[PDB]
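The figures that follow rest on heavy atoms only: side chains count, while hydrogens, waters and symmetry mates do not. When a residue number appears, it is its place in the shown sequence, counting from 1.
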Amino acid sequence: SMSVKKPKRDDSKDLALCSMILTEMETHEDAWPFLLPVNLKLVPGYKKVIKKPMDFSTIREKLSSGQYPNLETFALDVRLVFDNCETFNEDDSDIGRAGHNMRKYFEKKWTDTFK
């Protein structure tokens, strides 16, 4: 509350460390469904159904231009990528399996880097 604060967690490396995680996600062999925004002209249903599209390139641009206020808003966009994927793709599909694999990969890196 006013003039009453928990001890200050060092957040000075968060930007660098989120960049490194995002690099690792970009270079994973199962990243291909997530590298670029879904083409809303060419994929019937996507625009109406997926209210907030998100992809790795869009996260990279937001990250590089100071549009994440803190490491939690960064995790929220990464998870959005996988939540969108599950919304639109059957679990038993190459892209559906890709999304599960990447979400796992991300959540481990996230825990090991920050928890």
Decide yes or no for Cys85 and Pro33: does some side-chain heavy atom of the first lie under 4.5 Å from some side-chain heavy atom of the second? no
Nearest 0.5 Å, what's the CE-NZ distance between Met20 and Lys109? 8.5 Å
By side-chain hydrogen bond (donor to acceptor under 3.5 Å, both in side chains) - contacts of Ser19 (at least two apart): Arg60
Please name all residues satisfying salt bridge (charged side-chain N to carboxylate O under 4.0 Å, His left out) with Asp77, sequence neighbours left out, ordered by chain then number. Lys62
Residues in ring pair (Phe, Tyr, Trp, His ring centres under 6.0 Å) with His100, at least two apart? none
Only counting residues at least two apart or in another chain, list the ones meeting salt bridge (charged side-chain N to carboxylate O under 4.0 Å, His left out) with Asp83. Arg103
Distance (rounded to the nearest 0.5 Å) between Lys48 NZ and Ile50 CD1: 13.0 Å
Steps toward side-chain contact (heavy atoms from CB on, under 4.5 Å) verdict (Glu24, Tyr105): CA-CA 9 Å; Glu24 295 164 0; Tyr105 190 73; 4.0 Å; yes
So how far is it from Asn89 CG to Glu86 CD, rounded to the nearest 0.5 Å? 9.5 Å
Do side-chain atoms of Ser93 reach the backbone of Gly96 as a donor and acceptor pair under 3.5 angstrom? yes
Separation between CG of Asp112 and CD1 of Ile21, rounded to the nearest 0.5 Å: 9.0 Å
Salt-bridge test for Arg97 and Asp92: reply yes if a basic N is under 4.0 Å from a carboxylate O, no otherwise. yes
Could you tell me whether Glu61 atom CD has more than 12 heavy atoms of other residues or ligands within 6.0 Å of it? no
Same cluster or not: are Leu76 and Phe82 linked, directly or through other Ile, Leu, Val, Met, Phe, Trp or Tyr residues, by side-chain heavy atoms under 4.5 angstrom apart? no
Verify whether one side chain among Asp55 and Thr58 offers a donor that lies under 3.5 Å from an acceptor in the other. yes
Can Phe88 be reached from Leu36 by stepping across I, L, V, M, F, W or Y side chains whose heavy atoms are under 4.5 Å apart? no
Just how far is it from atom CG of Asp14 to atom CZ of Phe114, taken to the nearest 0.5 Å? 5.0 Å
About how many Å separate CZ of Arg9 and NZ of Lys6, when rounded to the nearest 0.5 Å? 13.0 Å
Same cluster or not: are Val38 and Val78 linked, directly or through other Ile, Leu, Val, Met, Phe, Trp or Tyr residues, by side-chain heavy atoms under 4.5 angstrom apart? no
Which hydrophobic side chains are connected to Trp32, either touching it within the sub-4.5 Å cutoff or through other members that do? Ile95
side-chain contact (heavy atoms from CB on, under 4.5 Å) for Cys18 and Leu63? Distances and angles first, verdict last. CA-CA 8 Å; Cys18 290; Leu63 192 62; 4.3 Å; yes
May I have all residue pairs that pass side chain to side chain donor-acceptor pair (under 3.5 Å) and include part of residues 33-46, sequence neighbours excluded? none
Do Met54 and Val43 share a hydrophobic cluster, counting only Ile, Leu, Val, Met, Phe, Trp and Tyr and linking them when any side-chain heavy atoms are less than 4.5 Å apart? no
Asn70 backbone acceptor or donor facing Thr73 side chain under 3.5 Å: yes
Which class fits the ring pair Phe34 and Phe56: parallel under 30°, tilted 30 to 60°, perpendicular over 60°? tilted
